[PDB]
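[1] Fold the following, please.
(one chain, ligands or ions: 3)
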Amino acid sequence: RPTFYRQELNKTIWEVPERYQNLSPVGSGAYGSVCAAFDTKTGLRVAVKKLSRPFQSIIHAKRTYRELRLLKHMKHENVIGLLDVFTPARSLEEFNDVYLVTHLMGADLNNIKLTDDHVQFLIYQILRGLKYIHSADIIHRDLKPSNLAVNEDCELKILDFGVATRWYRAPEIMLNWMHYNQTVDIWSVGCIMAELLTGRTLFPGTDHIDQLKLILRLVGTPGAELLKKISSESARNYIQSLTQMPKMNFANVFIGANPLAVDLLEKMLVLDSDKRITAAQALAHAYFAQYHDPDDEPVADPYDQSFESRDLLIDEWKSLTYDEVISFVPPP
Ligand SMILES: Brc1ccc(-c2c[nH]c([C@@H]3Cc4ccccc4CN3)n2)cc1
Ligand SMILES: Fc1ccc(-c2c[nH]nc2-c2ccnc(F)c2)cc1
Ligand SMILES: Fc1ccc(-c2c[nH]nc2-c2ccnc(F)c2)cc1
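    Numbering: from 1, shown residues only. Ligands and ions are numbered 1, 2, ... in the order given. This is the structure:
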């Protein structure tokens, strides 16, 4: 067991191994607070997240377990990786805090209108990481610029920090379709890619109705083939009662963009999710000709998310989380 030290940063107490020095707060959200630190063991700058109230409720405890399981699985250049996970607890009985450590990245895409060469490389990386994530049967569901960490070298990693999320959300999610697929993430990437090219939010909807309205203005109201797939009477009544609109010509909307970026946007932002390009297909699109290497776009080990269906007690989720802390093997 490392020697731990304690301090207070912004009304939150931090108990971390002495390996990590010079903690400075960088931000805080609903599910944690984050510090930058220097990792004396590796010489790396790192980000340390202290989970907030990880075991307060069954719900929290399951969310904690979910986050740790996911982070322990991710082993890809374009997805956040876990460098360390620790707790100051010496036994299960006293276990009430979880800290996660990852490489510190310069900034995020929300901080960062870009050159086309930069767009190619950034979107290539997002899709490369998505091919990986999707191959594990995981859907990110909240892709947006602030969830894309980018260093000064333009290297990019997908994460979730857990600008409205709804702006990047697929139209089928606005409609509350229960059976959406992984291409909800492709929709988000199309929205991000548009914004990088234009410097403007593609669909800055004020609420879910407005969001759908703005979307359909670009991509057209549903065609007959898509309408046949809609099970909800009320949704069909609503959609069919709209003034019908054709799909816009993207070449005109994205005036003066690389025609290949236009073509890829068309393939990502098709309204019917069944017709959208997949991450793996997108990597092979001519837009990424300078980056694409089929022998360097790996898939993930399978990921068991059977736990999602389980209803367990707080202490059981806590013990499962503790098991995962203990079994953690740091990367080489
Ligand atoms: Br697909 C997918 C990929 C990643 C995530 C995820 C969960 N938690 C996080 C990071 C972990 C972390 C660790 C240290 C410092 C800050 C942060 C910020 N949240 N990413 C979820 C789904
Ligand atoms: F090889 C080394 C040894 C120590 C350091 C170091 C610099 N500042 N603080 C520390 C420190 C304090 C307590 N425990 C540690 F592991 C590190 C850096 C590299
Ligand atoms: F106004 C609309 C109508 C349909 C969609 C849509 C896009 N892809 N898939 C669907 C869909 C499929 C099955 N059932 C649903 F409810 C939705 C999105 C907005």
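[2] Is any residue of stretch 156-175 near ligand 3?
    Yes - using Cβ under 6 Å from any ligand atom, we find that stretch 156-175 touches ligand 3 at 171-172, 175. Every C-beta, even on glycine, is put in place using the N, C-alpha and C of the backbone.
[3] can you redo the residues you listed as a markdown table with distance to residue 279, neighbour count and secondary structure?
    Output for these, formatted as a markdown table (distance: Cβ to Cβ, whole Å; neighbours: other Cβ atoms under 10 Å; DSSP: H, G, I helix; E, B strand; the rest coil):
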| residue | distance to residue 279 | neighbour count | secondary structure |
| --- | --- | --- | --- |
| 171 | 19 | 23 | helix |
| 172 | 18 | 22 | helix |
| 175 | 23 | 16 | coil |
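[4] mind putting these in TSV, distance to ligand 1 included?
    Putting the residues of stretch 156-175 next to ligand 3 into TSV (distance: Cβ to the nearest ligand atom, whole Å) gives the following:
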residue	distance to ligand 1
171	21
172	19
175	23
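[5] Looking at those, spot the one nearest ligand 2.
    Checking the residues of stretch 156-175 next to ligand 3 against ligand 2 by Cβ to the nearest ligand atom gives residue 172 as the nearest, at 50.2 Å.
[6] Now do the same contact list for the closest one.
    180, 184, 273 (Cβ atoms under 8 Å, 6 or more residues apart in numbering).
[7] In PyMOL, select just the buried ones from those residues.
    Command for PyMOL that selects the buried part of the contacts of residue 172, burial taken from 16 or more other Cβ atoms under 10 Å:
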select buried, resi 180+184+273
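[8] from the contacts of residue 172, which ones fall inside strands?
    Among the contacts of residue 172, no member falls in strands (criterion: DSSP state E).
[9] now, among the contacts of residue 172, which is nearest to ligand 1?
    Among the contacts of residue 172, and counting by Cβ to the nearest ligand atom, the member closest to ligand 1 is residue 184, at 12.3 Å.
[10] can you count the residues close to the spatially closest residue to the closest one that is not a sequence neighbour?
    Leaving out its chain neighbours, the residue that sits closest to residue 184 by Cβ to Cβ, 6 or more residues apart in numbering is residue 170, at 4.2 Å. For residue 170, the neighbour count with other Cβ atoms under 10 Å is 25.
[11] okay, now the domains of the protein?
    Split into domains by curated CATH domains, the chain comes to 14-106, 107-299.
[12] Tabulate the ones you listed (a markdown table), appending distance to residue 332.
    Shown next, in a markdown table, are those (distance: least, Cβ to Cβ, whole Å):
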| stretch | distance to residue 332 |
| --- | --- |
| domain 14-106 | 11 |
| domain 107-299 | 17 |
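[13] And the residue in the stretch 1-150 of the chain that ligand 1 sits nearest to, its phi and psi?
    Nearest residue of the stretch 1-150 of the chain to ligand 1, counting by Cβ to the nearest ligand atom: residue 49, 3.5 Å away. Note on residue 49: backbone dihedrals following degrees, to the nearest 10 are phi -110, psi 130.
[14] wait, isn't residue 299 in contact with residue 129?
    No - assessed by Cβ atoms under 8 Å, residue 299 is found out of contact with residue 129, at 11.7 Å.
[15] For residue 20, give me phi and psi.
    Per-residue torsions, residue 20: phi -100, psi 120 (degrees, to the nearest 10).
[16] Helix or strand for the residue in the stretch 101-250 of the chain positioned nearest to ligand 2, just tell me which one.
    When scored by Cβ to the nearest ligand atom, the stretch 101-250 of the chain has residue 101 as its residue closest to ligand 2, at 14.1 Å. Using DSSP states H and E, residue 101 falls within strand 99-103.
[17] Restrict that strand to CA atoms and write it as CSV.
    Output of strand 99-103 as CSV, limited to C-alpha atoms (Å, rounded to 0.1, in the frame of the first residue of the first chain):
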residue,chain,number,x,y,z
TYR,A,99,-10.3,7.9,-7.5
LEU,A,100,-9.5,7.4,-11.2
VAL,A,101,-6.3,8.5,-13.0
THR,A,102,-5.7,9.1,-16.7
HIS,A,103,-3.2,11.0,-18.9
